[PDB]
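Here is the file final_33.pdb (PDB, C-alpha atoms).
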ATOM      1  CA  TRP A   6      -6.158   1.617  -8.029  1.00  0.00           C
ATOM      2  CA  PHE A   7      -8.768   0.217  -5.608  1.00  0.00           C
ATOM      3  CA  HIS A   8      -9.604  -3.482  -6.130  1.00  0.00           C
ATOM      4  CA  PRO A   9     -12.623  -4.204  -3.909  1.00  0.00           C
ATOM      5  CA  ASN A  10     -12.853  -7.972  -4.276  1.00  0.00           C
ATOM      6  CA  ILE A  11      -9.353  -9.497  -4.074  1.00  0.00           C
ATOM      7  CA  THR A  12      -7.153 -11.151  -1.462  1.00  0.00           C
ATOM      8  CA  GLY A  13      -3.494 -10.531  -0.674  1.00  0.00           C
ATOM      9  CA  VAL A  14      -2.341 -13.465  -2.777  1.00  0.00           C
ATOM     10  CA  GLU A  15      -4.575 -12.493  -5.699  1.00  0.00           C
ATOM     11  CA  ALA A  16      -3.133  -8.997  -5.406  1.00  0.00           C
ATOM     12  CA  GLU A  17       0.356 -10.480  -5.635  1.00  0.00           C
ATOM     13  CA  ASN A  18      -0.399 -12.445  -8.784  1.00  0.00           C
ATOM     14  CA  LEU A  19      -2.181  -9.474 -10.336  1.00  0.00           C
ATOM     15  CA  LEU A  20       0.840  -7.265  -9.739  1.00  0.00           C
ATOM     16  CA  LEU A  21       3.257  -9.932 -10.998  1.00  0.00           C
ATOM     17  CA  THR A  22       1.430 -10.671 -14.260  1.00  0.00           C
ATOM     18  CA  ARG A  23      -0.121  -7.304 -15.138  1.00  0.00           C
ATOM     19  CA  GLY A  24       2.148  -4.829 -13.347  1.00  0.00           C
ATOM     20  CA  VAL A  25       5.741  -3.671 -13.348  1.00  0.00           C
ATOM     21  CA  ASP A  26       8.183  -2.790 -10.608  1.00  0.00           C
ATOM     22  CA  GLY A  27       6.622   0.166  -8.824  1.00  0.00           C
ATOM     23  CA  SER A  28       3.037  -0.954  -9.520  1.00  0.00           C
ATOM     24  CA  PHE A  29       0.664  -0.920  -6.570  1.00  0.00           C
ATOM     25  CA  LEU A  30      -2.969  -1.356  -5.644  1.00  0.00           C
ATOM     26  CA  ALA A  31      -5.182  -0.944  -2.588  1.00  0.00           C
ATOM     27  CA  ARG A  32      -7.545  -3.633  -1.336  1.00  0.00           C
ATOM     28  CA  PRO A  33      -9.559  -4.505   1.793  1.00  0.00           C
ATOM     29  CA  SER A  34      -7.703  -6.055   4.708  1.00  0.00           C
ATOM     30  CA  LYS A  35      -8.173  -9.724   5.570  1.00  0.00           C
ATOM     31  CA  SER A  36      -6.788  -9.327   9.095  1.00  0.00           C
ATOM     32  CA  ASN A  37      -8.446  -5.972   9.819  1.00  0.00           C
ATOM     33  CA  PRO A  38     -11.844  -6.378   8.111  1.00  0.00           C
ATOM     34  CA  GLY A  39     -13.248  -3.030   7.106  1.00  0.00           C
ATOM     35  CA  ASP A  40      -9.787  -1.499   6.679  1.00  0.00           C
ATOM     36  CA  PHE A  41      -7.526  -1.344   3.627  1.00  0.00           C
ATOM     37  CA  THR A  42      -4.085  -2.512   2.568  1.00  0.00           C
ATOM     38  CA  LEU A  43      -1.554  -1.428  -0.043  1.00  0.00           C
ATOM     39  CA  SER A  44       0.094  -4.126  -2.144  1.00  0.00           C
ATOM     40  CA  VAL A  45       3.283  -2.867  -3.789  1.00  0.00           C
ATOM     41  CA  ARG A  46       5.623  -4.554  -6.274  1.00  0.00           C
ATOM     42  CA  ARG A  47       9.351  -3.920  -6.073  1.00  0.00           C
ATOM     43  CA  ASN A  48      12.341  -5.867  -7.406  1.00  0.00           C
ATOM     44  CA  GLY A  49      10.037  -8.480  -8.861  1.00  0.00           C
ATOM     45  CA  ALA A  50       8.336  -9.212  -5.541  1.00  0.00           C
ATOM     46  CA  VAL A  51       5.236  -7.944  -3.726  1.00  0.00           C
ATOM     47  CA  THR A  52       4.953  -6.559  -0.172  1.00  0.00           C
ATOM     48  CA  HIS A  53       1.909  -5.375   1.773  1.00  0.00           C
ATOM     49  CA  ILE A  54       1.232  -2.380   4.035  1.00  0.00           C
ATOM     50  CA  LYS A  55      -1.694  -1.896   6.431  1.00  0.00           C
ATOM     51  CA  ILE A  56      -3.606   1.395   6.261  1.00  0.00           C
ATOM     52  CA  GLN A  57      -5.126   2.692   9.502  1.00  0.00           C
ATOM     53  CA  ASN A  58      -8.530   4.390   9.542  1.00  0.00           C
ATOM     54  CA  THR A  59      -9.161   6.030  12.917  1.00  0.00           C
ATOM     55  CA  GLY A  60     -12.377   7.752  11.811  1.00  0.00           C
ATOM     56  CA  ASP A  61     -10.564  11.107  11.931  1.00  0.00           C
ATOM     57  CA  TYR A  62      -7.864  10.394   9.330  1.00  0.00           C
ATOM     58  CA  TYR A  63      -6.008   7.692   7.421  1.00  0.00           C
ATOM     59  CA  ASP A  64      -2.354   6.852   7.913  1.00  0.00           C
ATOM     60  CA  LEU A  65       0.094   3.982   7.793  1.00  0.00           C
ATOM     61  CA  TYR A  66       0.147   3.546  11.578  1.00  0.00           C
ATOM     62  CA  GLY A  67       2.595   6.431  11.652  1.00  0.00           C
ATOM     63  CA  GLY A  68       3.707   9.210   9.336  1.00  0.00           C
ATOM     64  CA  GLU A  69       1.635  12.018   7.900  1.00  0.00           C
ATOM     65  CA  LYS A  70      -2.140  11.915   8.379  1.00  0.00           C
ATOM     66  CA  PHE A  71      -4.686  12.175   5.571  1.00  0.00           C
ATOM     67  CA  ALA A  72      -8.376  12.916   5.308  1.00  0.00           C
ATOM     68  CA  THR A  73      -9.029  10.245   2.642  1.00  0.00           C
ATOM     69  CA  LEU A  74      -7.461   7.035   1.431  1.00  0.00           C
ATOM     70  CA  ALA A  75      -7.037   8.666  -1.991  1.00  0.00           C
ATOM     71  CA  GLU A  76      -5.100  11.586  -0.524  1.00  0.00           C
ATOM     72  CA  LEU A  77      -2.860   9.065   1.223  1.00  0.00           C
ATOM     73  CA  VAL A  78      -2.235   7.114  -1.991  1.00  0.00           C
ATOM     74  CA  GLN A  79      -1.669  10.350  -3.899  1.00  0.00           C
ATOM     75  CA  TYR A  80       0.822  11.580  -1.308  1.00  0.00           C
ATOM     76  CA  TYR A  81       3.095   8.535  -1.397  1.00  0.00           C
ATOM     77  CA  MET A  82       2.844   8.398  -5.180  1.00  0.00           C
ATOM     78  CA  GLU A  83       4.293  11.928  -5.200  1.00  0.00           C
ATOM     79  CA  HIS A  84       6.838  11.352  -2.400  1.00  0.00           C
ATOM     80  CA  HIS A  85       8.748   8.209  -3.384  1.00  0.00           C
ATOM     81  CA  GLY A  86      11.290   8.542  -0.578  1.00  0.00           C
ATOM     82  CA  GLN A  87       8.896   8.547   2.374  1.00  0.00           C
ATOM     83  CA  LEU A  88       8.057   4.843   2.896  1.00  0.00           C
ATOM     84  CA  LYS A  89      11.278   3.599   4.437  1.00  0.00           C
ATOM     85  CA  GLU A  90      11.004   0.292   6.209  1.00  0.00           C
ATOM     86  CA  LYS A  91      12.932  -0.427   9.405  1.00  0.00           C
ATOM     87  CA  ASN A  92      15.560  -2.181   7.227  1.00  0.00           C
ATOM     88  CA  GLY A  93      16.216   1.230   5.661  1.00  0.00           C
ATOM     89  CA  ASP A  94      14.957   0.044   2.272  1.00  0.00           C
ATOM     90  CA  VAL A  95      12.543   2.348   0.463  1.00  0.00           C
ATOM     91  CA  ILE A  96       9.242   1.026  -0.895  1.00  0.00           C
ATOM     92  CA  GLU A  97       7.942   3.140  -3.756  1.00  0.00           C
ATOM     93  CA  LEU A  98       4.348   3.593  -4.872  1.00  0.00           C
ATOM     94  CA  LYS A  99       4.904   4.459  -8.538  1.00  0.00           C
ATOM     95  CA  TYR A 100       2.189   3.155 -10.888  1.00  0.00           C
ATOM     96  CA  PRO A 101      -1.428   2.473  -9.798  1.00  0.00           C
ATOM     97  CA  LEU A 102      -2.718  -0.794 -11.227  1.00  0.00           C
ATOM     98  CA  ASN A 103      -6.285  -0.208 -12.447  1.00  0.00           C
ATOM     99  CA  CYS A 104      -9.078  -2.781 -12.010  1.00  0.00           C
TER     100      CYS A 104
ATOM    101  CA  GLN B   2      -1.309 -15.036   5.018  1.00  0.00           C
ATOM    102  CA  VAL B   3       1.009 -12.660   3.146  1.00  0.00           C
ATOM    103  CA  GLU B   4       3.999 -10.661   4.406  1.00  0.00           C
ATOM    104  CA  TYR B   5       3.488  -7.154   5.877  1.00  0.00           C
ATOM    105  CA  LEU B   6       6.298  -4.569   6.111  1.00  0.00           C
ATOM    106  CA  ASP B   7       7.493  -2.858   9.306  1.00  0.00           C
ATOM    107  CA  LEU B   8       7.853   0.815   8.457  1.00  0.00           C
ATOM    108  CA  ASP B   9       9.999   3.444  10.142  1.00  0.00           C
ATOM    109  CA  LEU B  10       7.974   6.642   9.755  1.00  0.00           C
TER     110      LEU B  10
END
structure tokens encoding of this file:
Amino acid sequence: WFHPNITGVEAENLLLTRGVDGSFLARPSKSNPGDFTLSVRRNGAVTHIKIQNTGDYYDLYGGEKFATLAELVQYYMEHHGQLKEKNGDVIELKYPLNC
Amino acid sequence: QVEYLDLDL
């Protein structure tokens, strides 16, 4: 599910032409170089979510803390109800999109 | 520059 060499827009088009609703990938962050970002498709559209790396754990700038990016991705894959945005709408990591 | 979500966690 990690795509080392793509931008946010490329991630969008990848998810829209090779994924389904619930597909996601992780990629490096344009705005926070060196960090990572989740791109997630839902209801035919793609949103993006910054991942924080403090050097002691990974998280989504809030929520549970993880030792590795993979543990983070695995956790939200297994806990579809946990990524609620302020709107109240859930965003579900369902199907990793391979490279 | 793409859209980023504001999460309530």
Exercise. Write out as a ChimeraX atom specification which residues come within 8 Å of residue 101 of chain A when counting only C-alpha atoms, dropping same-chain ones fewer than 6 positions away.
Key: /A:6,28-30
Self-check item: residue 5 of chain B surroundings by only C-alpha atoms, 10 Å radius, close-in-sequence under 6 positions cut, as a ChimeraX atom specification
Solution: /A:42-44,51-55
Exercise. Please tell me which residues are no farther than 6 Å from (-6.8, 5.3, -4.4) in the file, counting only C-alpha atoms, and write them as number ranges by chain.
Key: A: 6-7, 75, 78
Please enumerate the residues selected by the ChimeraX specification (/A :<6) & /B when evaluated against the supplied file, formatted as an mmCIF file with C-alpha atoms, keeping the file's coordinate frame.
data_model
loop_
_atom_site.group_PDB
_atom_site.id
_atom_site.type_symbol
_atom_site.label_atom_id
_atom_site.label_comp_id
_atom_site.auth_asym_id
_atom_site.auth_seq_id
_atom_site.Cartn_x
_atom_site.Cartn_y
_atom_site.Cartn_z
ATOM 1 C CA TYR B 5 3.488 -7.154 5.877
ATOM 2 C CA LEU B 6 6.298 -4.569 6.111
ATOM 3 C CA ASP B 7 7.493 -2.858 9.306
ATOM 4 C CA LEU B 8 7.853 0.815 8.457
ATOM 5 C CA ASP B 9 9.999 3.444 10.142
ATOM 6 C CA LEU B 10 7.974 6.642 9.755
#
Quiz item: Could you work out how far atom CA of residue 61 of chain A lies from atom CA of residue 41 of chain A, giving the answer in Å with one decimal?
Solution: 15.3 Å
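Closest approach to residue 4 of chain B among A:50, A:104, A:11, A:25: A:50, based on all atoms listed in the file.
Atom CA of residue 46 of chain A sits 7.9 Å away from atom CA of residue 24 of chain A.
In this structure, atom CA of residue 40 of chain A sits 19.3 Å away from atom CA of residue 102 of chain A.
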Coordinates of box centre and edge lengths for segment 29-44 of chain A, 3 Å on every side, axis-aligned, as lines of an AutoDock Vina configuration file:
center_x = -6.3
center_y = -5.3
center_z = 1.6
size_x = 19.9
size_y = 14.8
size_z = 22.4
Practice problem: Give as a list in words the residues that the PyMOL selection byres ((chain A and resi 60) around 12) matches when applied to the coordinates above. | Solution: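 With the shown file as input, the PyMOL selection byres ((chain A and resi 60) around 12) matches residues 39, 40, 57, 58, 59, 61, 62, 63, 64, 70, 71, 72, 73 and 74 of chain A.
Minimum atom-to-atom distances from A:45, A:21, A:98, A:16 to residue 84 of chain A were compared using all atoms listed in the file, and the lowest value belongs to A:98.
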Quiz item: Of the candidates A:76, A:97, A:15, A:26, which shows the shortest atom-to-atom distance to residue 3 of chain B, using only C-alpha atoms?
Solution: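 Once distances to residue 3 of chain B are computed over only C-alpha atoms, the minimum belongs to A:15.
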Quiz item: Quick one: of A:8, A:27, A:22, A:85, who's nearest to residue 47 of chain A, counting all atoms listed in the file?
Solution: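 Closest residue, counting all atoms listed in the file: A:27.
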Quiz item: Near residue 9 of chain A, within 9 Å and counting only C-alpha atoms, which residues show up once chain neighbours fewer than 5 positions away are dropped, as a list in words?
Solution: residues 31, 32, 33 and 104 of chain A
